[PDB]
Amino acid sequence: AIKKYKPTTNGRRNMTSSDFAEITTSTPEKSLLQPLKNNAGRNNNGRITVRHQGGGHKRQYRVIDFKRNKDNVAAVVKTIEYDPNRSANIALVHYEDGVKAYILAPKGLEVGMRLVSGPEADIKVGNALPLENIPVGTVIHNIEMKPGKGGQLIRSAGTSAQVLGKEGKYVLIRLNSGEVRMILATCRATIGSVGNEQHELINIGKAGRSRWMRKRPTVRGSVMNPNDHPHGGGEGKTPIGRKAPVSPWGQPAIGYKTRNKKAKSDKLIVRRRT
Amino acid sequence: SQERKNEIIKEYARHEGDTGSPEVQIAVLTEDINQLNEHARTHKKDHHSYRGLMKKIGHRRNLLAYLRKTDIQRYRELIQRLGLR
RNA sequence: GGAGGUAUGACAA
RNA sequence: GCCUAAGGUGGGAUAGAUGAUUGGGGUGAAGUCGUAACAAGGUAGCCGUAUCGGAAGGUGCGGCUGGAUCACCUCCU
RNA sequence: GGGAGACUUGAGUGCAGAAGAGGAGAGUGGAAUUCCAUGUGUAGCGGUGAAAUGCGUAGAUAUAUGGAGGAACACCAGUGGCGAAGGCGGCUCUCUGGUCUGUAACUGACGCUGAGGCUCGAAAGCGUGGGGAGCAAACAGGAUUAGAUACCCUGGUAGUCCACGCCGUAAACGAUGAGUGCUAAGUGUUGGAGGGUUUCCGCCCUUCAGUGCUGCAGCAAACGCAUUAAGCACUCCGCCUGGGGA
RNA sequence: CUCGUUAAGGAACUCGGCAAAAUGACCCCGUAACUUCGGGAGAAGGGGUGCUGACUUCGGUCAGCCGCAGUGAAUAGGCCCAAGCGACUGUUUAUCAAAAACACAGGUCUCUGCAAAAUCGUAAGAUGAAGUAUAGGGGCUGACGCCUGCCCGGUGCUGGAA
RNA sequence: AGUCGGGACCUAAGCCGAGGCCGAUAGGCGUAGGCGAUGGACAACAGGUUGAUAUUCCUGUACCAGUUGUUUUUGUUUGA
RNA sequence: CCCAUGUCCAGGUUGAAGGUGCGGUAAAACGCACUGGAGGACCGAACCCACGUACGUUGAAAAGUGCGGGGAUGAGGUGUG
Ligand SMILES: [K+]
Ligand SMILES: [K+]
Ligand SMILES: [K+]
Ligand SMILES: [K+]
Ligand SMILES: [K+]
Ligand SMILES: [K+]
Ligand SMILES: [K+]
Ligand SMILES: [K+]
Ligand SMILES: [K+]
Ligand SMILES: [K+]
Ligand SMILES: [K+]
Ligand SMILES: [K+]
Ligand SMILES: [K+]
Ligand SMILES: [K+]
Ligand SMILES: [K+]
Ligand SMILES: [K+]
Ligand SMILES: [K+]
Ligand SMILES: [K+]
Ligand SMILES: [K+]
Ligand SMILES: [K+]
Ligand SMILES: [K+]
Ligand SMILES: [K+]
Ligand SMILES: [K+]
Ligand SMILES: [K+]
Ligand SMILES: [K+]
Ligand SMILES: [K+]
Ligand SMILES: [K+]
Ligand SMILES: [K+]
Ligand SMILES: [Mg+2]
Ligand SMILES: [Mg+2]
Ligand SMILES: [Mg+2]
Ligand SMILES: [Mg+2]
Ligand SMILES: [Mg+2]
Ligand SMILES: [Mg+2]
Ligand SMILES: [Mg+2]
Ligand SMILES: [Mg+2]
Ligand SMILES: [Mg+2]
Ligand SMILES: [Mg+2]
Ligand SMILES: [Mg+2]
Ligand SMILES: [Mg+2]
Ligand SMILES: [Mg+2]
Ligand SMILES: [Mg+2]
Ligand SMILES: [Mg+2]
Ligand SMILES: [Mg+2]
Ligand SMILES: [Mg+2]
Ligand SMILES: [Mg+2]
Ligand SMILES: [Mg+2]
Ligand SMILES: [Mg+2]
Ligand SMILES: [Mg+2]
Ligand SMILES: [Mg+2]
Ligand SMILES: [Mg+2]
Ligand SMILES: [Mg+2]
Ligand SMILES: [Mg+2]
Ligand SMILES: [Mg+2]
Ligand SMILES: [Mg+2]
Ligand SMILES: [Mg+2]
Ligand SMILES: [Mg+2]
Ligand SMILES: [Mg+2]
Ligand SMILES: [Mg+2]
Ligand SMILES: [Mg+2]
Ligand SMILES: [Mg+2]
Ligand SMILES: [Mg+2]
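Rules and cut-offs
Each chain carries its own residue count, beginning from 1 and running in the order its sequence is written; this scheme need not agree with the entry numbering, and residues with no coordinates do not appear. As a convention, the first chain written is A and the first ligand written is 1, with the rest following in written order. A larger assembly contains the chains displayed, and the values given here are confined to that displayed part. Hydrogens and water molecules were not included; the side-chain quantities draw on all heavy atoms of the structure. With a 1 Å grid spanning the protein atoms alone, the term cavity applies to any set of points in which a 1.4 Å probe fits but cannot get out, the term pocket to an open set with protein on both sides within 12 Å along at least five of seven lines, and the term lining residue to any residue with an atom within 4 Å of a point. Grid points are joined across faces, edges and corners, and a volume is the space filled by probe spheres set on the points. Only DSSP runs of H or I covering at least 4 residues are called helices, and only runs of E covering at least 2 are called strands; the numbering of each starts at the N terminus. Each residue receives one of three labels: charged for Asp, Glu, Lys and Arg, nonpolar for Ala, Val, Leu, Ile, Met, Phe, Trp, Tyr, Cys and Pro, and polar for the others, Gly being one of them. Strands were regarded as paired on the criterion that DSSP finds at least two bridges between them. Should any heavy atoms of two residues lie within 4.5 Å, those residues are considered in contact. Proximity is defined per residue: if any heavy atom of the residue lies within 4 Å of a molecule or strand, that residue is considered near it. Two N or O atoms form a polar contact when they lie within 3.5 Å of each other; inside protein one atom must be a possible hydrogen donor and the other a possible acceptor, and for residues adjacent in sequence the pair counts only when both atoms belong to side chains. The classification of residues rests on relative accessible area computed with a 1.4 Å probe and restricted to protein chains. Under 20% of the type maximum is buried, over 50% is exposed, and intermediate values are partly exposed. The angle between two axes is taken between their N-to-C directions and runs from 0 to 180 degrees, where each axis is a line fitted to C-alpha atoms and a helix contributes only its stretch in contact.

Header annotation of the entry names cryo-EM as the structure determination method and lists the resolution as 2.9 Å.

Asker: Report on the layout of surface pockets, specifying residues and quantitative values.
Answerer: All names here are of chain A. Of the volumes computed, that of the largest pocket is approximately 850 Å³. Forming the boundary of the largest pocket are 26 residues, of which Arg-59, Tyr-82, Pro-84, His-199 and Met-213 lie nearest the centre. Of all the secondary-structure elements, those providing two or more residues to the lining of the largest pocket are strand 2 (16-18) and helix 1 (207-212). Of the pockets and cavities examined, the second largest pocket occupies roughly 270 Å³. Taken together, 15 residues form the lining of the second largest pocket, with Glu-22, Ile-80, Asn-89, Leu-109 and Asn-196 sitting closest to its centre. For the lining of the second largest pocket, the per-class residue count stands at 6 nonpolar, 6 polar and 3 charged.

Asker: Account for the sheet that holds strand 6 (residues 90-95) of chain A, with residues named and values stated.
Answerer: All names here are of chain A. If you walk across this open sheet you meet the 4 strands as 7-6-5-8, and the pairing is antiparallel. Each edge of the open sheet is held by one strand with a lone partner, namely strand 7 (100-104) and strand 8 (114-115). With 5 bridges connecting them, strand 6 and strand 7 associate as antiparallel partners. Considered in strand 7, the bridge of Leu-92 is made with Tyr-102.

Asker: Could you give me a rundown of the side chain of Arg68(A), with the residues and numbers involved?
Answerer: With respect to the secondary-structure elements, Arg68(A) resides in the loop between strand 4 (60-62) and strand 5 (75-81). Ignoring anything within four residues of it in the chain, the contact list for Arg68(A) reads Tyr95(A), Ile103(A), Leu115(A), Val116(A), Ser117(A), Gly126(A), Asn127(A), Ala128(A), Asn142(A), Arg188(A) and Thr190(A).

Asker: Which residues make up the protein's contact with RNA strand E, and what values do they have?
Answerer: Residues and elements named next belong to chain B. Around RNA strand E lies a shell of 28 residues, among which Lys-5, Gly-20, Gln-25, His-39 and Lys-56 are the nearest. Of all atoms in RNA strand E that approach within 4 Å of the protein, 80% are sugar or phosphate atoms. In the environment of RNA strand E, a sugar or linking oxygen lies 2.6 Å from a nitrogen or oxygen atom belonging to the side chain of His-43. Contact between RNA strand E and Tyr-66: a phosphate oxygen at 3.0 Å from a side-chain N or O atom of the residue. Counting only elements with at least two residues in the surface near RNA strand E, the list comes to helix 1 (2-12), helix 2 (22-42) and helix 3 (47-70). Looking at the surface near RNA strand E element by element, the count peaks at 11 residues for helix 3. The residue makeup of the surface near RNA strand E, split by class, is 5 nonpolar, 16 polar and 7 charged.

Asker: Any details on the environment of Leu82(B)? Residues and values, ideally.
Answerer: All names here are of chain B. On the secondary structure map, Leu-82 appears in helix 4 (residues 72-82). Owing to a relative accessible area of 18%, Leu-82 belongs among the buried residues under this scheme. Ignoring anything within four residues of it in the chain, the contact list for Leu-82 reads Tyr-12, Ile-26, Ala-27 and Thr-30.

Asker: Outline the sheet that holds strand 13 (residues 180-184) of chain A, listing residues and values.
Answerer: All names here are of chain A. Taken together, the 7 strands give an open sheet; going across it, the order is 9-14-10-11-12-13-15, and neighbouring strands pair in antiparallel fashion. Looking along the sheet, the strands with just one partner apiece sit at the ends: strand 9 (128-130) and strand 15 (269-271). With direction set aside, neighbouring strand axes in the sheet form an average angle of 45 degrees. Note: strand 11 (residues 161-167) against strand 12 (residues 170-174), 5 bridges, orientation antiparallel. For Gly-165, the partnering residue across the bridge sits in strand 12 and is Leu-172.

So, in structure tokens, the structure goes:
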């Protein structure tokens, strides 16, 4: 659940966090840890390409098994662990053959569940099946767009998609955004919804906490200089003073769509949203 | 459950064949109360059932008060056996 | 026969 | 030397008077605006609540008959 | 009144039965509305006291096949049932409260009321997150009008729905606190029980608990109430003391 | 220039109590409005402090002694009432501006179905992200509380397609 | 200076980069593979001595890696 | 500004969540103690900073010094690469 801190200090005032009740341990799997460096929004040229990123706490990457292509044997859920890299929690699972892996933790997952993957797996939270085998109306997550590539869609905490129907070699899906689109029927998905639904409700509370989470301050364009931002300049506070608000590089910032107009995936997107 | 009820009645019977008596009634009420407390925690919004639970609690309280007034030693024995206050 | 449901107009005289 | 009245200092508590200004309320034989209610009062009224409107008030939801007229059902005579 | 006993009628338990939209949770079915898609098809549709706004040749309305999604559960349905009250109506399952009737095995007055407290509490409203078909405050436009910040018409947001949490008020009404006993009848109806018949169905008699109607005694200012009292009595509680100001 | 003292007065100085003065440690008593119930608060306002005996439950207490004065020197908050602005801790013009400016947690709008959008780059290749709509980018507002009215004609954006 | 710090050890960020990708030229990018400590690994201390060095020289007492040789055990292809 | 890897923050103060005990109740909520040790928490050296003022202004100094001043477990300081 969400615990609210008493307003002992102005910084702590109105702050909330998770109790981490679901988390069963704090010792990740050594075999599955990998090193990660904080790119801080800088590409191979060393230029800042994405603003407002950098600093914050050190992290280790946990190798998640998005593919769920090990259908031979059952995987027993050993622990539910905190993952610094993603909003959702992960689950360490042991395959009966001794292979250890991490998966996303679906809502309602519990230690001891014996998950299975493959066409014949039953429709139970945490199981993985090709979309063709998942009955309509089912709630799923960790959907892959191409067979064997591994789950890409519906992975954030609390997210979920629903199977609407079949057609041809494609399966009709409503994604978490409300967009309805076709996805290749041989793509896999995990039954259920991503756990840690409460994540959205956390109140960060103070600037230092965002800095921990690797967000650097965001400076409004209206308080820059004209050579810095189209909104920059002007005496005193100023209105936008343009036809429409724009990003630092002149791209309109309200309502202007950016999806490529000749996207190949229009043929598969049935109903858009966002 | 009648079977559970009957076993409790035999356990707390003041004497052979004693269906009705402060001890038997209080013990049976206590088990119903515990079972119904679990139902209430499962169904927080079952207000109508909760009213019956309160009535059972009141009746059990009245029986305890009568028993204490009548034979304090039997009252002490019963509260110890049932783990009551 | 009965019963429950389906625009304005003082004041007193 | 202790005790201690009075006096001094201090922060509170409490009672009243007073105060630019302001709020609702009341009275005032013939002022202005409408006509909300009483008849089915001309959209039945009323209660709680919400919102809107110069004003009475309107509308929404729920509730009551302390509901006129009329057509059915069930009950009684 | 106290103390020591006894008792079973009140109260409760046991045992055997009865009914129910009682509550909570998870599912699920059909009609209808709206929207979406596609055929047919052409000039209206819709609406009023009468009109207009509006929708429609960018092909509407209608019509046929589908799809989506939301809310409410037609017929049954009945002064019918259930709940302390608010209230509860598709169906299924899970959990669960109460009530009623027998019986007389059990306890042996263990009961009634109940300030303060606690809990529950229509609708509207509020917070967080969802959902959003229809309806619809606010609001827009068309009307009506002297004016119309309304009634009428076309649209329409919050809300109505869900989860959790607040709120705590209603003509929350039978405008009638609870408990108990007693005081003519007649007649419906719900759930039982016993008997006398009846081949069974069913008819009759008795009886309990509801639920209506009519109506003596009695009560009342009158209207009226009248075994479901507002009659005759006892116990406890809440409440009233001219109107306004309030 | 740096420092010490200063009769009586005590802010009359001055743009302005600038500077200086004053407060300053520990222990005890005591402590308001307001409040988001955490604070406000070291509020305020007071009292004690040395040495020597006696007794102590070891912290005291009782008795006595000395001085103008006992944290005897040094090092240690001045306080209160009220208004504006900004919630707050932070950040800023290295070298005339530290602020009411920026940031901020929170709010909201909008883009983005993943070879995502965005950005660096001719490209390859990168960041975004070994992340996936409870995520990421952009615009505005800026804790919290109560709220956020009317206008879609014009300009943008979005949709439409005769 | 075998023992301290560095090299003959290891890797992070970053950098270079066979082939390779991309590109008017120049070149840009990058795989394998490398480089790169501020980190990991790693055997010696006490005293004395000079005008100037000392865990480096000297005295004492060690340790680490290895070579030769003597001796002692054990294995020689069902093989340590 | 950022990356990787080290390192620094005397000493005091306050007392969040949680936990235990005892009350309290049908069970609770709740109350009181104790425990516990949170914080862009408090006071204050080193450290970092640079608010006021005097002096300096061919300076001791091409930005400082004296007296005061703010932060001082963090959105912190700082070293190496
Ligand atoms: K805060
Ligand atoms: K996480
Ligand atoms: K900003
Ligand atoms: K400006
Ligand atoms: K009216
Ligand atoms: K039942
Ligand atoms: K709501
Ligand atoms: K009612
Ligand atoms: K009857
Ligand atoms: K009066
Ligand atoms: K003077
Ligand atoms: K103060
Ligand atoms: K003295
Ligand atoms: K001080
Ligand atoms: K500021
Ligand atoms: K701020
Ligand atoms: K403000
Ligand atoms: K400052
Ligand atoms: K600034
Ligand atoms: K605000
Ligand atoms: K934003
Ligand atoms: K703006
Ligand atoms: K923001
Ligand atoms: K406009
Ligand atoms: K426009
Ligand atoms: K060496
Ligand atoms: K080193
Ligand atoms: K200075
Ligand atoms: Mg950003
Ligand atoms: Mg500027
Ligand atoms: Mg420009
Ligand atoms: Mg401008
Ligand atoms: Mg201006
Ligand atoms: Mg009228
Ligand atoms: Mg009227
Ligand atoms: Mg009327
Ligand atoms: Mg209106
Ligand atoms: Mg409601
Ligand atoms: Mg309307
Ligand atoms: Mg009332
Ligand atoms: Mg009757
Ligand atoms: Mg003087
Ligand atoms: Mg003097
Ligand atoms: Mg002066
Ligand atoms: Mg002067
Ligand atoms: Mg000064
Ligand atoms: Mg001193
Ligand atoms: Mg500030
Ligand atoms: Mg500051
Ligand atoms: Mg400067
Ligand atoms: Mg300055
Ligand atoms: Mg601003
Ligand atoms: Mg070395
Ligand atoms: Mg290269
Ligand atoms: Mg080459
Ligand atoms: Mg070594
Ligand atoms: Mg030397
Ligand atoms: Mg601090
Ligand atoms: Mg330094
Ligand atoms: Mg600086
Ligand atoms: Mg401070
Ligand atoms: Mg400090």
